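Structure first, then comments.
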Amino acid sequence: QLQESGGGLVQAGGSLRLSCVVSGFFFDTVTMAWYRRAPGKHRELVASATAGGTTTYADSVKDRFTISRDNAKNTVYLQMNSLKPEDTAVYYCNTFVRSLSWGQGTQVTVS
Amino acid sequence: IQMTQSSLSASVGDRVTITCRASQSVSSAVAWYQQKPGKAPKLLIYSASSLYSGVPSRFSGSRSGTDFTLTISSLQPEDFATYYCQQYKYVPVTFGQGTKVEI
Amino acid sequence: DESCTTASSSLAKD
Amino acid sequence: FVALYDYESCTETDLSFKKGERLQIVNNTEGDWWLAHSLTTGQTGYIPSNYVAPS
Amino acid sequence: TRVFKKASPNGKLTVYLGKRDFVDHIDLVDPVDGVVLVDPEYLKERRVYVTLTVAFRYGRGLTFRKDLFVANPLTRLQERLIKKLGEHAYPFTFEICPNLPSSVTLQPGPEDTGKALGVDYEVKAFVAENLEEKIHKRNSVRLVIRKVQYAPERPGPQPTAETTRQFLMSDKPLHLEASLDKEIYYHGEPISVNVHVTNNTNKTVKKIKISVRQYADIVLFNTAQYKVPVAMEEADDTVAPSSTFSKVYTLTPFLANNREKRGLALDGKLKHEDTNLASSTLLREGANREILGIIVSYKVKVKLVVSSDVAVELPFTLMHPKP
Amino acid sequence: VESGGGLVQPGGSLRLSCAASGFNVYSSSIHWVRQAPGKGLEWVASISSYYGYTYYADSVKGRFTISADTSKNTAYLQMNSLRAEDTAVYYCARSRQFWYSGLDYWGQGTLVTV
């Protein structure tokens with residue numbers, strides 16, 4: 001099971017920081033991803049953090065997003081800075097392979 | 001295991017929506033029953049939005065993960081009964097509270 | 001390690 | 001060389017046989033599935049490994 | 001629509017499948033399609049291999065199997081899956097030739113505890129630098145699917161058979177005529193064996209024994225043809241010489257009284273679950289009996305006993321209707 | 001069509017008798033159901049004649065004992081020891097019993113209050 005933090009109402013021009021906590025053995029040598037779901041549509045893939053700490057993005061935007069991966073504390077950090085109305089969605093976290101039980105996510109709303 | 005679904009408006013010719021949210025990975029094994037007051041149940045939907053052979057295209061269903069929705073496409077005076085959402089995946093078969101229709 | 005449990009996921013109707 | 005069973009395939013590259021004997025191969029395969037040729041049948045294609053017996 | 005999915009214990013793999021019940025039409029079998037979602041970190045070493053295997057298990061590993069191998073034509077499901085997932089969803093697809101058998105598991109004996117004894121279909125995906133470096137099972141995924149058939153929509157003629165036999169010393173033969181009310185009976189539906197008998201022989205029927213006998217054979221094993229009684233019924237109706245009898249018995253095969261039987265074929269189980277009696281096997285060609293598989297057929301046996309014995313056997317189709 | 005039970009002092013046992021023609025007791029799965037006045041429908045018992053298993057709601061596991069006759073197409077809900085909380089309308093069911101558990105057939109429901 002996994003749990004996530006952050007999430008809440010934001011206004012354009014600011015920034016929001018999001019993070020997750022992962023139990024089990026699915027974190028240490030496994031890249032950790034994040035996802036976003038549009039209302040009524042399937043989830044979109046946001047960013048990544050690999051085992052070595054470097055990042056690779058499947059995002060079609062690939063602008064102003066910071067990913068921090070912690071190999072010790074059991075957490076993964078995703079950062080939002082370029083807020084756009086399209087960011088109005090519910091954000092989730094899981095592995096790139098989405099191995100862990102896909103649980104409750106967090107919601108971000110702008111404008 | 002349990003499922004949660006109270007009073008709908010009886011404005012004819014409208015489209016209404018009722019939600020019956022589960023509490024587990026029920027895997028869409030949900031059927032919606034309906035019985036007029038005093039009579040035995042009559043099923044309308046089973047699995048995902050599969051209408052019963054004896055009812056028009058008026059009725060409809062939906063699905064989103066572990067969230068279920070029944071929707072009457074066009075209210076006609078034929079039906080103002082109570083709808084019971086039931087799951088059949090776990091041996092303690094369970095029902096929703098049920099909602100009647102009264103404006 | 002033991003095996004995982006077969007789950008399910010959502011794709012678009014279209 | 002020897003096949004013990006009945007196997008038929010719907011793929012164009014896969015050979016089908018009824019317990020064939022003496023199927024041609026220079027030596028064992030280089031992957032998982034094997035290649036074979038039959039003189040009496042006269043087609044060349046791949047055959048699965050579990051169905052080849054020695055000389 | 002929903003698509004099946006399995007994860008890996010390592011957290012570096014995921015297998016998707018549109019369905020785990022692939023309908024077997026008479027001429028073409030549905031294709032197995034899906035996409036494997038894999039971690040680029042171990043992908044940097046080597047790509048992903050996907051395996052489709054079909055195995056038959058008997059005895060108490062003792063297993064004969066066919067292993068189709070694919071190492072990583074796009075159907076609509078494949079296109080949708082890749083569109084949702086993205087770059088690393090490397091697709092795969094197997095084609096099942098029709099001659100392959102369907103999913104059927106036997107009845108487990110109470111003295112033993114096994115997963116199953118019968119045909120199973122499996123889909124696998126792993127990562128390895130070489131084809132022989134299979135060291136860690138923790139890096140794999142094992143998903144089980146089934147292939148099933150449904151009853152044809154064109155039933156045959158009314159199954160009927162009769163036997164006229166003079167019992168020992170007799171004047172004219174006893175005429176037993178048994179007629180089922182159709183050929184395609186769904187699972188559990190009554191078999192209304194219409195029975196008519198007339199006689200002139202001095203003999204008489206003391207008991208009438210009506211039963212449903214399930215016939216199954218193991219093509220892999222030599223001289224393996226198993227039949228066990230199901231829903232045996234023994235009525236005491238009598239017809240003395242020079243009479244005429246007519247009755248409609250409603251027999252019904254079922255599982256409750258036959259659960260203690262050994263080798264009673266049932267429908268294919270995914271988990272350690274419980275399923276109904278096995279369905280019959282369809283085929284449209286003059287196919288040579290494939291090495292793997294279990295062919296299941298049902299026949300109704302009607303028997304008469306006198307102070308000697310006669311009986312006729314009537315075949316019927318026992319399958320689920322097409323959904 | 002169903003002939004209920006009653007005419008008994010409270011706490012006294014009864015035996016329901018529900019009939020619904022046409023179906024086969026084996027191929028159909030006979031389910032039983034209760035609805036208290038002012039309370040929603042809740043499952044009570046279920047018997048699968050083809051399988052041979054019987055399932056009860058945990059509240060009435062030791063009090064009820066269901067039984068159906070194969071050759072009569074009838075269901076019975078033998079309530080050995082009721083109380084005052086078991087006064088309700090009870091519907092018997094005849095559901096498709098093959099990879100489906102929809103109770104897509106029913107009989108009449110008869111009150112069990114005296």
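Just so we're on the same page: first chain in the structure tokens is A, next is B, and so on; residues restart at 1 for each chain, and ligands are numbered from 1 in the order they show up.
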
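If we count only C-alpha atoms, these residues of chain B sit within 10 Å of chain C: residues 25, 27, 64 and 65 of chain B.
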
Saved selection, atoms kept: N, CA and C atoms, as a compact mmCIF listing (two decimals), in the first residue's frame:
# COMPACT_ATOMS: atom_id res chain seq x y z
N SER B 25 -12.68 -4.07 -4.32
CA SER B 25 -12.44 -4.34 -5.73
C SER B 25 -13.47 -5.35 -6.23
N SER B 27 -14.93 -5.50 -8.99
CA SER B 27 -14.69 -5.90 -10.38
C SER B 27 -15.96 -5.86 -11.22
N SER B 64 -16.97 3.42 -13.28
CA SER B 64 -15.71 4.15 -13.19
C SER B 64 -14.93 3.58 -12.00
N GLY B 65 -14.02 2.66 -12.29
CA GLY B 65 -13.22 2.04 -11.25
C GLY B 65 -14.06 1.21 -10.30

DSSP-assigned helix (DSSP H, G or I) members of region 16-177 of chain E, reported as an MDAnalysis selection string: chainID E and resid 40:43 76:85 137:139

Who sits within 9 Å of region 15-28 of chain D, only C-alpha atoms, same chain under 6 positions skipped, as a PyMOL selection string: chain D and resi 1-9+34-41+43-47+51-55

Selected residues written out, N, CA and C atoms, as a JSON list (two decimals), in the first residue's frame:
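Full text of selection-v3.json as output:
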[["chain", "number", "residue", "atom", "x", "y", "z"],
["D", 1, "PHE", "N", 15.62, -36.13, -34.67],
["D", 1, "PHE", "CA", 15.41, -37.00, -35.83],
["D", 1, "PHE", "C", 14.01, -37.60, -35.82],
["D", 2, "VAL", "N", 13.53, -37.97, -34.64],
["D", 2, "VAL", "CA", 12.28, -38.69, -34.51],
["D", 2, "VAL", "C", 11.27, -37.83, -33.75],
["D", 3, "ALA", "N", 10.02, -37.85, -34.22],
["D", 3, "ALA", "CA", 8.91, -37.19, -33.56],
["D", 3, "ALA", "C", 7.98, -38.24, -32.98],
["D", 4, "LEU", "N", 7.45, -37.97, -31.78],
["D", 4, "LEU", "CA", 6.66, -38.94, -31.04],
["D", 4, "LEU", "C", 5.16, -38.67, -31.08],
["D", 5, "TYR", "N", 4.74, -37.53, -31.62],
["D", 5, "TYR", "CA", 3.38, -37.04, -31.44],
["D", 5, "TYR", "C", 2.86, -36.45, -32.74],
["D", 6, "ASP", "N", 1.60, -36.02, -32.71],
["D", 6, "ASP", "CA", 1.00, -35.33, -33.83],
["D", 6, "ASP", "C", 0.96, -33.83, -33.57],
["D", 7, "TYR", "N", 1.52, -33.06, -34.50],
["D", 7, "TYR", "CA", 1.56, -31.61, -34.37],
["D", 7, "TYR", "C", 1.25, -30.98, -35.71],
["D", 8, "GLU", "N", 0.30, -30.05, -35.71],
["D", 8, "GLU", "CA", -0.04, -29.28, -36.90],
["D", 8, "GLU", "C", -0.07, -27.81, -36.53],
["D", 9, "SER", "N", 0.32, -26.96, -37.48],
["D", 9, "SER", "CA", 0.43, -25.53, -37.24],
["D", 9, "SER", "C", -0.29, -24.76, -38.34],
["D", 34, "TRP", "N", 13.46, -25.15, -33.06],
["D", 34, "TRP", "CA", 14.39, -25.85, -33.92],
["D", 34, "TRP", "C", 13.91, -25.82, -35.37],
["D", 35, "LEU", "N", 14.85, -26.00, -36.29],
["D", 35, "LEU", "CA", 14.55, -26.10, -37.71],
["D", 35, "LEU", "C", 14.69, -27.55, -38.16],
["D", 36, "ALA", "N", 13.87, -27.95, -39.13],
["D", 36, "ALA", "CA", 13.91, -29.33, -39.60],
["D", 36, "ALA", "C", 13.44, -29.39, -41.05],
["D", 37, "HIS", "N", 13.92, -30.42, -41.75],
["D", 37, "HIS", "CA", 13.50, -30.71, -43.11],
["D", 37, "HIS", "C", 13.12, -32.18, -43.22],
["D", 38, "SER", "N", 12.04, -32.46, -43.94],
["D", 38, "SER", "CA", 11.57, -33.82, -44.14],
["D", 38, "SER", "C", 11.67, -34.18, -45.61],
["D", 39, "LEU", "N", 12.35, -35.30, -45.90],
["D", 39, "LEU", "CA", 12.44, -35.77, -47.28],
["D", 39, "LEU", "C", 11.10, -36.28, -47.77],
["D", 40, "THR", "N", 10.38, -37.04, -46.94],
["D", 40, "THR", "CA", 9.12, -37.62, -47.37],
["D", 40, "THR", "C", 8.01, -36.58, -47.43],
["D", 41, "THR", "N", 8.10, -35.52, -46.63],
["D", 41, "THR", "CA", 7.10, -34.47, -46.66],
["D", 41, "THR", "C", 7.47, -33.34, -47.61],
["D", 43, "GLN", "N", 8.76, -30.07, -46.96],
["D", 43, "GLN", "CA", 8.71, -28.66, -46.58],
["D", 43, "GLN", "C", 9.76, -28.40, -45.51],
["D", 44, "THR", "N", 10.24, -27.16, -45.47],
["D", 44, "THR", "CA", 11.24, -26.74, -44.50],
["D", 44, "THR", "C", 10.65, -25.64, -43.63],
["D", 45, "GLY", "N", 10.72, -25.82, -42.32],
["D", 45, "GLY", "CA", 10.20, -24.83, -41.39],
["D", 45, "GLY", "C", 10.68, -25.13, -39.99],
["D", 46, "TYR", "N", 10.23, -24.31, -39.04],
["D", 46, "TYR", "CA", 10.61, -24.45, -37.64],
["D", 46, "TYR", "C", 9.69, -25.44, -36.93],
["D", 47, "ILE", "N", 10.27, -26.20, -36.01],
["D", 47, "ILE", "CA", 9.50, -27.11, -35.16],
["D", 47, "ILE", "C", 9.87, -26.87, -33.71],
["D", 51, "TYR", "N", 9.77, -32.03, -29.18],
["D", 51, "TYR", "CA", 9.27, -33.10, -30.03],
["D", 51, "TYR", "C", 10.31, -33.64, -30.99],
["D", 52, "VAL", "N", 11.59, -33.54, -30.63],
["D", 52, "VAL", "CA", 12.68, -34.12, -31.41],
["D", 52, "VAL", "C", 13.35, -35.19, -30.56],
["D", 53, "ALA", "N", 13.45, -36.39, -31.11],
["D", 53, "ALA", "CA", 14.10, -37.52, -30.47],
["D", 53, "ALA", "C", 15.40, -37.83, -31.20],
["D", 54, "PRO", "N", 16.36, -38.47, -30.52],
["D", 54, "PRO", "CA", 17.64, -38.75, -31.17],
["D", 54, "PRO", "C", 17.53, -39.75, -32.31],
["D", 55, "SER", "N", 18.67, -40.07, -32.93],
["D", 55, "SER", "CA", 18.71, -41.01, -34.04],
["D", 55, "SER", "C", 18.19, -42.38, -33.64]]

Spatial neighbours of region 64-79 of chain A, max dist 9 Å, only C-alpha atoms, sep filter under 3 positions, as a count of residues only: 26

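When DSSP reads the backbone of this structure, the residues of region 10-50 of chain A it assigns to strand (DSSP E or B) are residues 10, 16, 17, 18, 19, 20, 21, 22, 32, 33, 34, 35, 36, 37, 43, 44, 45, 46, 47, 48 and 49 of chain A.
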
Spatial neighbours of residue 24 (chain F), 9 Å, only C-alpha atoms, chain gap at least 2 places, as JSON, numbers by chain: {"E": [188, 189, 190, 252], "F": [21, 22, 26, 27, 28, 29, 70, 73, 94]}

With the cut-off set at 10 Å and counting only C-alpha atoms, tabulate each residue of chain B with an atom at most that distance from an atom of chain F, showing the nearest atom pair and its distance in Å to one decimal, ordered by chain and increasing number, as a tab-separated table.
residue	atom	partner	partner_atom	distance
B:29	CA	F:100	CA	9.3
B:30	CA	F:102	CA	9.2
B:31	CA	F:102	CA	7.0
B:32	CA	F:102	CA	9.3
B:33	CA	F:103	CA	8.9
B:38	CA	F:109	CA	8.4
B:39	CA	F:108	CA	7.2
B:40	CA	F:106	CA	6.1
B:41	CA	F:106	CA	7.1
B:42	CA	F:104	CA	6.8
B:43	CA	F:104	CA	6.2
B:44	CA	F:104	CA	9.2
B:45	CA	F:102	CA	9.4
B:46	CA	F:102	CA	7.3
B:47	CA	F:102	CA	9.5
B:52	CA	F:104	CA	9.5
B:84	CA	F:41	CA	8.2
B:86	CA	F:102	CA	8.9
B:87	CA	F:101	CA	9.0
B:88	CA	F:101	CA	6.2
B:89	CA	F:101	CA	8.8
B:91	CA	F:55	CA	7.5
B:92	CA	F:57	CA	6.7
B:93	CA	F:43	CA	6.6
B:94	CA	F:42	CA	6.8
B:95	CA	F:42	CA	6.4
B:96	CA	F:40	CA	7.8
B:97	CA	F:40	CA	5.7
B:98	CA	F:40	CA	7.1
B:99	CA	F:40	CA	9.9

Contact set, chain E to chain F: 9 Å, only C-alpha atoms, as an MDAnalysis selection string: chainID E and resid 186:190 250 252:257 259 275:276 320

Export N, CA and C atoms of the chosen residues as a short mmCIF file (atom, residue, chain, number, x, y, z; two decimals), in the first residue's frame?
data_model
loop_
_atom_site.label_atom_id
_atom_site.label_comp_id
_atom_site.auth_asym_id
_atom_site.auth_seq_id
_atom_site.Cartn_x
_atom_site.Cartn_y
_atom_site.Cartn_z
N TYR E 186 -28.74 -27.30 -22.32
CA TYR E 186 -27.84 -26.45 -21.54
C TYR E 186 -27.48 -27.14 -20.23
N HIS E 187 -26.46 -26.61 -19.56
CA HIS E 187 -25.98 -27.22 -18.33
C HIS E 187 -27.05 -27.17 -17.24
N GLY E 188 -27.42 -28.34 -16.73
CA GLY E 188 -28.40 -28.46 -15.68
C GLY E 188 -29.84 -28.55 -16.13
N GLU E 189 -30.12 -28.37 -17.41
CA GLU E 189 -31.50 -28.39 -17.87
C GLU E 189 -32.01 -29.83 -17.91
N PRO E 190 -33.28 -30.07 -17.58
CA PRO E 190 -33.77 -31.45 -17.50
C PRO E 190 -33.72 -32.16 -18.84
N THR E 250 -37.79 -36.55 -15.87
CA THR E 250 -36.96 -35.34 -15.90
C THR E 250 -35.69 -35.61 -15.10
N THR E 252 -31.59 -34.97 -14.40
CA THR E 252 -30.74 -33.79 -14.44
C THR E 252 -29.35 -34.09 -13.89
N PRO E 253 -28.32 -34.05 -14.73
CA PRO E 253 -26.95 -34.16 -14.22
C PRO E 253 -26.63 -33.01 -13.27
N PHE E 254 -25.88 -33.32 -12.22
CA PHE E 254 -25.51 -32.32 -11.23
C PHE E 254 -24.23 -32.75 -10.53
N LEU E 255 -23.72 -31.87 -9.68
CA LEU E 255 -22.40 -32.02 -9.08
C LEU E 255 -22.44 -32.49 -7.63
N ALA E 256 -23.56 -32.27 -6.92
CA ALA E 256 -23.58 -32.50 -5.48
C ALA E 256 -23.32 -33.96 -5.13
N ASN E 257 -24.05 -34.88 -5.76
CA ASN E 257 -23.88 -36.29 -5.45
C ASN E 257 -22.67 -36.91 -6.14
N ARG E 259 -19.58 -35.15 -6.39
CA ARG E 259 -18.36 -34.47 -5.97
C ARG E 259 -17.30 -35.44 -5.47
N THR E 275 -16.14 -25.15 -10.19
CA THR E 275 -16.85 -24.88 -11.43
C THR E 275 -17.81 -26.02 -11.74
N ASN E 276 -18.66 -25.78 -12.73
CA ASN E 276 -19.68 -26.74 -13.11
C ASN E 276 -19.05 -27.94 -13.83
N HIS E 320 -22.92 -24.49 -22.68
CA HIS E 320 -23.50 -23.21 -22.32
C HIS E 320 -23.94 -22.46 -23.58
#

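For residue 313 (chain E), the set of protein, DNA and RNA residues having any atom at most 8 Å away, when counting only C-alpha atoms and skipping those fewer than 3 positions along the same chain, is residues 161, 299, 300, 301 and 302 of chain E.
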
For chain E versus chain B, which residues have an atom no more than 12 Å away, and what is each residue's nearest atom pair and distance in Å rounded to one decimal, using only C-alpha atoms, chain-then-number order, as JSON lines?
{"residue": "E:1", "atom": "CA", "partner": "B:63", "partner_atom": "CA", "distance": 8.7}
{"residue": "E:2", "atom": "CA", "partner": "B:65", "partner_atom": "CA", "distance": 8.9}
{"residue": "E:3", "atom": "CA", "partner": "B:27", "partner_atom": "CA", "distance": 10.9}
{"residue": "E:4", "atom": "CA", "partner": "B:27", "partner_atom": "CA", "distance": 10.4}
{"residue": "E:323", "atom": "CA", "partner": "B:50", "partner_atom": "CA", "distance": 11.8}

Can you check which parts of chain A lie within 9 Å of chain E? Per residue, the shortest pair of atoms and distance in Å to one decimal, counting only C-alpha atoms, sorted by chain and number, as JSON lines.
{"residue": "A:25", "atom": "CA", "partner": "E:10", "partner_atom": "CA", "distance": 7.7}
{"residue": "A:26", "atom": "CA", "partner": "E:11", "partner_atom": "CA", "distance": 5.5}
{"residue": "A:27", "atom": "CA", "partner": "E:11", "partner_atom": "CA", "distance": 8.2}
{"residue": "A:29", "atom": "CA", "partner": "E:41", "partner_atom": "CA", "distance": 8.9}
{"residue": "A:30", "atom": "CA", "partner": "E:11", "partner_atom": "CA", "distance": 6.5}
{"residue": "A:31", "atom": "CA", "partner": "E:39", "partner_atom": "CA", "distance": 7.1}
{"residue": "A:42", "atom": "CA", "partner": "E:84", "partner_atom": "CA", "distance": 7.6}
{"residue": "A:43", "atom": "CA", "partner": "E:84", "partner_atom": "CA", "distance": 7.9}
{"residue": "A:44", "atom": "CA", "partner": "E:84", "partner_atom": "CA", "distance": 7.8}
{"residue": "A:45", "atom": "CA", "partner": "E:85", "partner_atom": "CA", "distance": 8.0}
{"residue": "A:50", "atom": "CA", "partner": "E:41", "partner_atom": "CA", "distance": 7.0}
{"residue": "A:51", "atom": "CA", "partner": "E:41", "partner_atom": "CA", "distance": 7.3}
{"residue": "A:52", "atom": "CA", "partner": "E:41", "partner_atom": "CA", "distance": 8.9}
{"residue": "A:58", "atom": "CA", "partner": "E:86", "partner_atom": "CA", "distance": 7.6}
{"residue": "A:95", "atom": "CA", "partner": "E:11", "partner_atom": "CA", "distance": 7.0}
{"residue": "A:96", "atom": "CA", "partner": "E:39", "partner_atom": "CA", "distance": 6.6}
{"residue": "A:97", "atom": "CA", "partner": "E:14", "partner_atom": "CA", "distance": 5.5}
{"residue": "A:98", "atom": "CA", "partner": "E:14", "partner_atom": "CA", "distance": 7.4}
{"residue": "A:99", "atom": "CA", "partner": "E:7", "partner_atom": "CA", "distance": 4.8}
{"residue": "A:100", "atom": "CA", "partner": "E:11", "partner_atom": "CA", "distance": 7.6}

Close residues, residue 15 (chain B) itself excluded, 8 Å, only C-alpha atoms, min 5 positions apart in chain, as a PyMOL selection string: chain B and resi 71-75

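Between CA of residue 317 (chain E) and CA of residue 192 (chain E) lies a distance of 13.8 Å.
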
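Among the candidates A:36, A:84, A:62, A:41, the one nearest to chain B when counting only C-alpha atoms is A:41.
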